[PDB]
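>>> no letters, just coordinates:
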Ligand SMILES: *[C@@H]1O[C@H](CO)[C@@H](O)[C@H](O)[C@H]1NC(C)=O
Ligand SMILES: *[C@@H]1O[C@H](CO)[C@@H](O)[C@H](O)[C@H]1NC(C)=O
Ligand SMILES: *[C@@H]1O[C@H](CO)[C@@H](O)[C@H](O)[C@H]1NC(C)=O
């Protein structure tokens, strides 16, 4: 989620307002959320307006969020909003 | 006559710094006034030993200090406000010692009237709150009215501005905010903002804005910060996006063109909900109307795009020429606004290079003002500086001549010089006189020097030629006798018998550059420097022909012998692509205007339309329609209107079919703006003249819209035409009426308000007229536009005439714009019937329109004769071409 | 056949094209196009067309001196005026009188006075009823 700055004194565009980003049932006090079960699915939920948009970058990973659901097999995987290989989200 | 009897300052005082504080109280006071507190100190140097202070001040309640309005350095004797000249006059007891700097300081209060003059306020509805904005309009005369100053363009000085506003709001001025906004220690409900010192600038260019607008921002590659401000609700819809998209490229264009990087650090643009003019260039805080800065791709036409980009290019052009090098006195005004009026067309060219916009300068300025200057009642450009003194005498300069003739003559200047030499000259001028004041003669000095360094050949000095054009009214019609290539010029007076009152020190002899082409090949430049000359370059034989004034860069009309007109027509019908697009409009409009002067048979002007049967370009269709409007308006009640309509159908029928193919049954617009305009002209003309295809296709679109009230199928470019034509064919009118009552968007409300006048049913129109009196049905400022729209409908003519004959003393004594109203209502008049009725209406009884009534009489007499002179021949011609 | 010629001479007035109507008026003066015998009633038929009301009124009020030498003015002036329903149209009628009675009006000389009376009656009658009648129609027409 994010919003434009708004309210009559601000850039509509210079930087998002009210950012909120979450990883489902990741608990920071419990570290990287690992994929234990034989199968997993990766799902994205936009929450944000106007010509604002956002997406996830590959970062350095050899694969992308979502794309991994096309039957890529691994020995193990774990996900975390804290640092593995990075993949930054970019708003535009 | 004392100094405060005169309307000019003495040159004995030169200011050299300013400070301002302003507190707009946007809430009304107990007595319902809106007031601001202001403080100011100015530092000034005594240029000549003196003992009295003379400074502009208007409509200010001052505060007395030391028993007097101001504090000074010998003592002050007394202080007075000489209202008829707006001077604060402050006698010193001693004499102010020369070559010394002194503060004059004051504190005062003023009114935020909504007068659009000075520090006025504007109010607008946002959501359901009547928001209030404080703004500034300071065109020439009003700058003093916000704070005391030496309010002259030549008296340039440096300003520090400080603002104090309700904490919620934001403040703006020419510079950036010097540090963030701080709560006022007197009351944290107020903020305080200070700005960096302005450069050396003239008082008429300040701006102060306090507002709740919100902005969209870009950083230019040149490093300047550029920033569109508008209503937050408007900006969230992205309506500012287009402005920010174009403003970068244009700025870097001018940075190239003047060889001079942009002088300020920022470039705010602000779109106000209402404004008197369209725009004002206030240095680095450029101000526009909503409808001339914001753009919505979902509702505005391509015409809105070209208006937006054009206006932007103009007001940005002022940011160098005009604001960096300023005019010495208002008598030179034509040099600024006309020059910018030129460059705007080059500016937009850079931003949207696929639209060929440079061509429309011909329609919109050259020919828009040739028809005005072709009168003995015109005036030259360079009036003597002593003639302009009072604010009325300054304000009168902002007219069609000062803009468009200035544009035309400067275009011609840039064309007989090499354009790169004009660039070099202009750049050298701006480099030399930056931050100073100049007269036009300094510009023509710099051009003369650059021409010499390039050694461009000219028959005389540039000063000579441009004074031949600058300071005498009118323009020549050149006359060629191709049988020998003899050449002559004479002053083109549209009424060939009008008495010339104003003399010419050159007896109306110009020097004229004449580019020309022969059989599609460009010939070499020739100069005319006399009433007559001969040159074999214009002699012709056999099938040879000549055309003059290529691309109509030259500001003069052209005439040829009959045989040469036949040759040109033959070429043009054989292959019109051989003759440049602009010149095909030129060769029409010349024929018509010459015909009105009895310098040629009208049959010739009509002949020149013949080739249009296979023309596709926008320009010549536009020029033809614009001339033939006179014929329609004169004959639309006569029998002659019968054949004429059929003729236009024949002419326009193939063109319509072309677009029907080339738009896949109207499913997409052309990609080129000129082609979109040609589309609109095609559909409009062919439909209104009655091709059967329109009564089906436009009706179909409109009924499809009625099936989809929220989901309008009609592309915004077509809207205004299809609306009116569908209305021309009750339930549609009532549908459009309920739409209008529900209409939220002003562009659409206007388009509907026009289209509803296209109805055929007299009871509909009479209802409309009755509603024109109901302030809730139509906003009382706009009733006149409705009356005019109903008047131009041929069925409504007599209705509106009898209506005004009924209501005149009413709406005169209590309404407004009687002038153009009377213009609209009378211009159909063409026989002694209505002449008698009109003179009776005079005798039976006009505000500002009083002289317009005289105008109506005058042209009516001409109309009376003109129809008598031409009807049968025109009729015989059209019936001939009726086939 | 004279019957059909007259049916057409009437029906040509029912056109909605103003320029057709005015060219028809021009032909209405041309005796070879339509004979003096019936020009007057053709103008009356134009007046019956609500669009022709304006044409005929401004025509007659601006050129009646021509018609006065030769055209029957009585019923023509009746037909042209009978739509008048406003004090302004009363003013127009009385000024046309003051503008032209210096030549009289022939057979119309009394009829104009009658019209001056009846128009005044119509004025008040409209004032007496425009709202109520509108109300009725606005209801029962549903
Ligand atoms: C306005 O006043 C507030 C306090 O009311 C202050 O914090 C702020 O910096 C000031 N400026 C703006 C733009 O709000
Ligand atoms: C600006 O105009 C260009 C036209 O070249 C277009 O490609 C672009 O999408 C527009 N908008 C922005 C934000 O650049
Ligand atoms: C004339 O104008 C056209 C633009 O319509 C331009 O392409 C052409 O180069 C111009 N030629 C001259 C000689 O000015």
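Sure thing, it's come through. Numbers count the residues shown, from 1 in each chain, chains lettered A, B, ... in the order given. Ligands and ions are numbered 1, 2, ... in the order given.

>>> in the stretch 651-800 of chain B, what residue lies closest to ligand 3?
Nearest residue of the stretch 651-800 of chain B to ligand 3: residue B:674, at 10.3 Å (C-beta to the nearest ligand atom). Backbone N, C-alpha and C define where each C-beta goes, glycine included.

>>> I'd guessed that residue sits against residue B:356; true?
Yes: using C-beta atoms under 8 Å, residue B:674 is in contact with residue B:356, at 6.2 Å.

>>> who has more neighbours out of those two?
residue B:674 (20 against 17; other C-beta atoms under 10 Å in any protein chain shown).

>>> and the helix or strand hosting the more buried one, what does it pack onto?
Per DSSP states H and E, residue B:674 falls inside helix B:673-689. Packing partners of helix B:673-689 (3 or more C-beta pairs under 8 Å, 6 or more residues apart in numbering or on different chains; DSSP states H and E): helix B:302-317, helix B:618-635, helix B:641-662, helix B:692-706, helix B:719-728.

>>> can you list contacts of the helix or strand just after the shortest one?
Which is helix B:719-728. Following helix B:719-728 in sequence order, the next helix or strand is helix B:731-742 (DSSP H and E). Contacts to helix B:731-742, defined as C-beta atoms under 8 Å, 6 or more residues apart in numbering or on different chains, come from residues B:702, B:706, B:723, B:726-727, B:749, B:752-753, B:755-756, B:759, B:761, B:764.

>>> so which residues of the chain form helices?
No chain in the question, so chain A it is. Remark: helices of chain A are absent; assignment by DSSP state H.

>>> switch to chain C, please.
Under DSSP H, chain C gives helices at C:2-11, C:18-29, C:39-48, C:50-69, C:73-81, C:87-100, C:108-140.

>>> returning to that earlier point: contacts only, for the residue of the stretch 651-800 of chain B closest to ligand 3.
B:355, B:356, B:617, B:618.

>>> separation between it and chain A?
Going from residue B:674 to chain A by C-beta to the nearest C-beta, to the nearest Å gives 29 Å.

>>> please apply the same query to residue B:617.
36 Å.

>>> what sits in contact with each of residue B:674 and residue B:356?
In contact with both residue B:674 and residue B:356: no residue, using C-beta under 8 Å, 6+ apart.

>>> residue contacts, residue B:603?
Per C-beta under 8 Å, 6+ apart, neighbours of residue B:603: B:873, B:877.

>>> and it, helix, strand or coil?
At residue B:603 the chain is in helix, as set by DSSP: H, G, I helix; E, B strand; the rest coil.

>>> got the residues of chain B near ligand 3?
B:359, B:550, B:551, B:580, B:581, B:582 (C-beta under 6 Å from any ligand atom).

>>> what do you get if the cut-off is 8 Å, keeping everything else the same?
Contact residues, chain B versus ligand 3 (C-beta under 8 Å from any ligand atom): B:356, B:358, B:359, B:415, B:515, B:522, B:550, B:551, B:553, B:580, B:581, B:582.

>>> could you rank these by neighbour count and give me the top one?
Ranking the residues of chain B next to ligand 3 using other C-beta under 10 Å puts residue B:582 first, with 24 neighbours.
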